[PDB]
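**Q** Residue numbers (the working numbering), protein chains in the order written: chain H, 16 to 52; chain P, 8 to 435; chain D, 8 to 435; chain Z, 416 to 841; chain U, 416 to 841.
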Ligand SMILES: Nc1nc2c(ncn2[C@@H]2O[C@H](COP(=O)(O)OP(=O)(O)OP(=O)(O)O)[C@@H](O)[C@H]2O)c(=O)[nH]1
Ligand SMILES: Nc1nc2c(ncn2[C@@H]2O[C@H](COP(=O)(O)OP(=O)(O)OP(=O)(O)O)[C@@H](O)[C@H]2O)c(=O)[nH]1
Ligand SMILES: Nc1nc2c(ncn2[C@@H]2O[C@H](COP(=O)(O)OP(=O)(O)O)[C@@H](O)[C@H]2O)c(=O)[nH]1
Ligand SMILES: Nc1nc2c(ncn2[C@@H]2O[C@H](COP(=O)(O)OP(=O)(O)O)[C@@H](O)[C@H]2O)c(=O)[nH]1
Ligand SMILES: [Mg+2]
Ligand SMILES: [Mg+2]
Ligand SMILES: [Mg+2]
């Protein structure tokens, strides 16, 4: 079987990549014009 | 993209790297067989189905330590030819390990560097480990630094070598070997850090209360340094410090790159519970002349640059508070031509403790890597050792009979002598 | 319709032809008796109830290694006229095999090649396997090519020899067999590939880790070259390279048709699933100047054309990057009248595991057959040995007794001498 | 009333046009059994350009499949959309043309050309007036370069009025395969200059260039880059196949893009194109298609349009759009970027508007332009040709099967003067 | 109408500006999926100053992410409001800027600046005319300083008439991360005078100081600082996007705040600021907005402005308010505070009313002043630069990639010329 083609009929490619990320463990606070909870 | 190939050469380099990869596999979640049940990209490869072979090159001339890894618990962790080993050792001789038997193993050394760097895309630095107070550590430590410099340019070559101790050196030719090392780690090592054993001995005795530590009980603190220093290379942090950061904020002149290291809090389980671990006190316990991993107090010199790597749940406000209380405290000096001199890289990921080790589960830690003019003392205590021994030509017939020409002792001593005369030149 | 006829002459040709005819038979799935439990048409006919019979002609003058074929497991797969034998051997004597004891078995061989070629709807080529350095492989084999060229012209005669290795030869009179068999290998041969035995020993002892390989393990890697070379004949892929494609892109001038082999995803268990074998990794190891299958280091030679035959799950753009990174490497140099010097083929069928063998599961492979001026040294090496032996006419009384004059020796050294001369004039 | 007959030659030619018949099928509602699903008057009123009836209601393509091997034409038949073509229009040949130009042109292709010419005369001459021929081949192998140009020569003398549009695939030599690329390329160019009305130059490296820096693909395969070629092949003949506000024809392209008969080698491109995570980030208006239809990388040939000048240019817009923007944007590129546009022709632009956009998209556009920067493709093959030629390279195959030495020097002459003729107007 | 391109470079520029795109989304009604969640046309009628329509209705921010490291700009995508940014406005590049000006401006910034001029050109030229640019970057580091300086010199010669408004963060004397920060600052300042129309100095000492003495925080963090900057960032632009009694575009800020072209270094303060102790316990009418913006522990620089004069000063107000109360309270400022204002020009205070308050407040104010006290920022960085450059500290890096010793001496002499120009008017 030939390799599958990754491009739709509307010439937009089908299946996406994932970026090789960087440990998305962060912390979140608030001071959003109100100063911390 | 970001990635560090680590070359361990010499028997000290092997067991240091054995603690390093025990921590690296545990922290990142790789089993001893190489299976998880991008952070693996900075130190491991990616094989067929969930496998991660370490990007490490174990190199030695004696076979008795390399094959013990092959017959040890991490046999299938490593692809079984990055652990190259010769048939005969270097006999505590720079001439043997650099000129005669290192030549027939350096070709296999660089061939494995080629295959380990062809699959890599954007190598950040060669992190070298050796003991300069030994035979193959000094000898092949020179021979790899010449060969990697002539082939791989640009890219940084760090060297976390172990200098001979002032008092407990466990050798008698220990000043010949690391006088001849000075030709290697001066003009061919990018950044060199001193980590001698009698200092981690005192740290374990004073902080961890281990009266009789072994080499393993030192190497696990050494692995904590490698984990903290490459931490921003693999885990997300508030301020990022990579190898290019680590050289541009911290190395003033091309020929001054010799360094010291300091870690805090190295605190055991029975003590960490009865104490606060805060950002302020781990800094003043870091700028203290007993947590230095070299017997070199900074009060006998002047600082030039500092590279605090805070790592844990540290808020960046208290980091600046710690820097502020260090800008006070006239005991700690700083050179006049550097009004600044604090590169603070903050990570988020807390330290990984080895089960059955000797550190408690801490939430925050700091790794000093500092440059000072006091580090000229680290060579200056050795100047007596080489003159007293080269005077009536002791232990010379091994070196000149091996193939190293006579006279090389003199300009290796003169290169070392110009190293101190550079350090009090920059410290005035 | 695609159909290659294999003609295996000599003891070595029978044995390498054994390991070849199982990548042909039961890689297509046919059982030992000859039943599948039309890709087989490349190597097989079909005789009714699923009986596919090999398109081979086995030639030997000693009836002892072909008798092992008649008595082994695979006696009912070969037809009992395709295993042609004799009564007495040739005994490293080129003149016996070509002039005296050759002209009673050659009439049977040309009958079987006739019955196996009129059963052809278009014959791609005669893949004849021999051993230069013996009696019936250098003798009868030379006469076979002369008779095949006169009758069966204009269709290719790809020959894979077993040219005598430089040091290891396990004979003494092989320079006379090699130099005087050069005439058939230079005129009556469309594609010649030098394939000695030391280089297969080196591949087995370095990559494959079998430190004690036997001839049976040498026949392994020769067979994997053949299956990858005829891979696009029988199986689909992105780009196909049949035997007409092969000779037209690798033969610059009609006299120069000598090439080198390398099939280097050579992995074995412990060195198999640890290493990520990508397209870049296998291409670099194929061009590596130690996996050449001739002891024919091309670092002192000029590449002319290459025939990288990727085989497996290889993506064409990965082929494109692998070709590019070979071109940018400086020690891999190419002659100036060749900007495009690669013929990339891609098969879809993966390489095959060996149970009880030496290799393992690999998803991709490379088999590049390359012409170079470096191949001028495999003939100049044996020019030294022929000149020394023919100085005082050692072993000549044998060769002259059964029907050749001593002037055959001088004209074959002349044919060899005009041979290397044409390489440095092409290279310069 | 007007018909395009598609002839595909070579492994490249058969695989590219298999995608071309796949995209023409779903532009026309044709199921891969010949049945037509989906109800629309406009998707059948002008289907006679590419399909014929079969008195069973089966719409059968005008395909004249050709390659000198029972190879890729077996994979085209066995694959999807492979039952459409007639089994009669599958001329095989079993001898093989091994990447050798003289094989397809002189000594093996001359005994099968008498059958594929019989097929194309049966299928194209049996109507009132055919618009022209569409030939798809690569000038890098032996079948497309050798047999393809042999049929091109025979068709231009039998029908010296019709338009032959050839979507040739030139050997892109930066990264490529087979060592005989300069020999097959230059031996075909000195025929395409005379007996070929339009030659759209396609290079594989530029197809990878779109597939890497425009679509952001993971593994650009041959199927993906054959899909981009079929986009341009369908887009040029859009007005010939659907109604529109400003209809065009292949002869309207020829008369508005060929200042002199030898200069007919076009840079082609096609881009309402976008990455996978950006079609919901990028708008769609006439200025946005315009800026991705001149720029640097939308060209399917590896020739930078900035390294030269545009002798003349054309734009085949598709879909519902305002006629003011399709005129004003061609003016805007004309006067803003004036250095890359020749002056001895004033107002170098043709626009033309289809009303039916392609499937899924709202508006598309294809470029065909006669940029003089095409000299850097013939120069990038000439400097490889003369390198091999000075020391008499892989040549005994070509000379041994019936070519004299004068044919190779005549190949160098008519392609060196093609670059020189492009010099006079740059 | 008018448009603003938001260039942002470095870890500081990307993180601060991501907070800006958070606030401008909450203030315009942009949901974190690209849609509009509010219901009022007084928000959406000028979304075409920071966003672009993207076919589906999605408002893609008109920002150019740029970083010479795939680090924290990948972390921008991870967080909330991180998928609004268009993925091919992301200028990647592996390389890795060590904190070094000549890596950003000579070696590694050069191969990466050709992509970001392309992205800026595709956005700015797509419209008729834009109001100008807006750049957020860090002087201390390498990728934000060295590359951001080169872009603001490239786009200056490309469009030498649109504003160059730079929300730049200057290195801090006490809070000192990065050792080579005074070098990269001084090499950045001397081109920032000659290629930036407006520069707005945001020192991180005062961003900390606002948190724990007026906002009464316990753990001031970086996200807190980026919101304080962003409230100022909307507080200078809202007269564009939103209606008002007395409108003020950014060029009206330019001509009323720059008496002489070289001096354009400003100080900002956004002060309806309170804590949880007094958020109920505080009047929020006009006279104490002017009391808090004209207060020393409020400006976003460690540049205590009682030690200097106030050559020009604008205060762009927001909220429901009267035109007499703004005028008579700032006349009250000019009256009682007389010694700290300049005397040779009258009415050194600019009025403008932005009739829409920010979300959660009934009125606000943003003060942008051209105080001559900014010269003590240039006195502290020059002090640190001369302390290093006397003994040639850290120069073997900078001379390695080809930036001469002399480039520092015009860097110091030009920065001394800014000190003298700010001195002669005092
Ligand atoms: N940190 C650490 N240092 C060690 C270790 N083992 C030995 N050393 C130090 O290394 C010095 C001597 O060098 P070695 O590593 O033992 O010997 P070598 O470098 O392999 O060279 P050879 O003499 O040829 O074996 C001794 O003085 C020790 O202080 C170890 O396991 N960990
Ligand atoms: N690859 C391979 N080579 C072999 C094998 N056996 C012998 N050779 C090589 O063959 C050379 C000797 O020539 P032979 O093949 O024995 O000669 P021959 O073809 O049998 O002809 P005679 O000498 O008349 O028996 C030796 O140098 C070996 O290197 C084998 O089983 N496999
Ligand atoms: N675009 C495209 N190019 C191809 C394909 N197959 C082969 N090629 C290219 O065509 C060249 C080989 O010529 P080819 O047409 O396959 O040989 P032929 O069958 O003898 O005409 C190579 O350089 C390939 O890169 C395909 O399916 N699509
Ligand atoms: N306001 C603000 N300051 C920051 C942020 N990150 C780092 N900084 C400060 O800026 C300096 C580091 O600059 P950096 O971002 O590394 O510059 P770059 O290397 O060019 O990206 C440090 O002194 C920090 O105190 C942030 O997100 N916001
Ligand atoms: Mg040793
Ligand atoms: Mg024999
Ligand atoms: Mg106004």
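Where is the CB? At the ideal position from N, CA and C, for every residue including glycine.
1) Taking just the CA atoms, how far does residue 685 of chain U sit from residue 784 of chain U?
2) Just to check my reading of the structure: residue 384 of chain Z and residue 578 of chain Z have Cβ atoms closer than 8 Å, yes? What is that Cβ distance to the nearest angstrom?
3) Decide yes or no for the touch test of the region 32-51 of chain D against the region 77-87 of chain D: beta carbon pairs closer than 8 Å, at least 3 of them.
4) Any residue with its C-beta under 7 Å from a non-hydrogen atom of ligand 6 counts. Can you list them all in chain order?
5) Closer than 8 Å, Cβ to Cβ, to anything on chain H: give me those residues from the region 343-368 of chain P, in chain order.
6) Taking 8 Å as the threshold (C-beta atoms), are residue 260 of chain D and residue 5 of chain D in contact?
7) Which of helix, strand or coil does DSSP assign to residue 10 of chain P?
8) Taking only beta carbons into account, state which residues of the region 689-720 of chain U come closer than 9 Å to chain H, listed in chain order.
9) Report yes if the C-beta of residue 303 of chain D is less than 7 Å from at least one heavy atom of ligand 4; otherwise report no.
10) Report whether the distance from the Cβ of residue 729 of chain U to the nearest heavy atom of ligand 7 is below 7 Å.
11) On the CB-based measure, 16 or more other CB atoms within 10 Å of its CB, does residue 310 of chain P come out buried or exposed?
12) Is it the case that the CB of residue 92 of chain P approaches a heavy atom of ligand 1 more closely than 7 Å?
13) Cα separation between residue 809 of chain U and residue 556 of chain U?
14) How about residue 635 of chain U: is its C-beta nearer than 8 Å to some C-beta of chain P?
15) From which residue to which residue does the beta strand (DSSP E) around residue 810 of chain U run?
16) Return yes when the C-beta of residue 667 of chain U is under 7 Å from any heavy atom of ligand 7, and no when it is not.
17) Should residue 553 of chain Z be counted as a contact of ligand 3 given a C-beta to heavy atom distance under 7 Å?
18) Please confirm whether any heavy atom of ligand 3 lies closer than 7 Å to the CB of residue 508 of chain Z.
19) In angstroms, rounded to a whole number, what distance separates the CA positions of residue 618 of chain U and residue 626 of chain U?
20) For the region 311-344 of chain D, enumerate the residues whose C-beta is nearer than 7 Å to any C-beta of chain Z, in chain order.
21) Can you find a C-beta in chain Z that's less than 8 Å from the C-beta of residue 272 of chain D?
22) At the level of alpha carbons, what is the spacing between residue 407 of chain D and residue 102 of chain D?
23) Examine chain U for any beta-carbon lying closer than 8 Å to the beta-carbon of residue 64 of chain H, and answer yes or no.
24) When DSSP labels each residue in this structure, what does residue 58 of chain D get in the three-state scheme?
25) Return the CA-CA distance between residue 603 of chain Z and residue 522 of chain U, expressed in angstroms with no decimal places.
26) Excluding the five sequence neighbours on either side, which residues of its own chain have a C-beta within less than 6 Å of the C-beta of residue 645 of chain Z, listed in chain order?
27) Taking residue 70 of chain D as the reference, give the member of D:303, D:64, D:90 and D:79 with the closest Cα.
28) Taking the beta carbon of residue 363 of chain D as the centre, do at least 16 other beta carbons fall within 10 Å, making it buried, or is it exposed?
29) Return the residue from the list U:431, U:547, U:503 and U:481 that minimises the CA-CA distance to residue 637 of chain U.
**A** Here's the rundown:
1) 12 Å
2) Lying outside 416 to 841, the shown extent of chain Z, residue 384 of chain Z is not represented and no answer is given.
3) yes
4) Put simply, the residues with a CB less than 7 Å from any heavy atom of ligand 6 are D:17, D:18, D:67, D:68, D:69, D:96, D:97, D:141, D:142, D:143 and D:144, in chain order.
5) 355 and 356
6) An answer regarding residue 5 of chain D cannot be provided, because it is not within the stretch 8 to 435 covered by chain D.
7) coil
8) Using a CB distance below 9 Å, the part of the region 689-720 of chain U facing chain H consists of 689, 690, 691 and 694, ordered along the chain.
9) no
10) no
11) buried
12) no
13) Counting only the Cα atoms, residue 556 of chain U lies some 15 Å from residue 809 of chain U.
14) yes
15) Looking at the DSSP string, residue 810 of chain U is not in any beta strand (DSSP E); the run it does join, the alpha helix (DSSP H), is 810-813.
16) yes
17) yes
18) no
19) 13 Å
20) So the list reads 312, 322, 323, 324, 327, 330, 331, 343 and 344, given in the order they occur along the chain.
21) no
22) 8 Å
23) Because chain H here runs from 16 to 52, residue 64 of chain H falls outside it and cannot be looked at.
24) Here residue 58 of chain D sits in strand by DSSP.
25) 45 Å
26) The answer, listed in chain order, is 434, 435 and 438.
27) In terms of Cα proximity to residue 70 of chain D, the closest of D:303, D:64, D:90 and D:79 is D:90.
28) exposed
29) In terms of Cα proximity to residue 637 of chain U, the closest of U:431, U:547, U:503 and U:481 is U:431.
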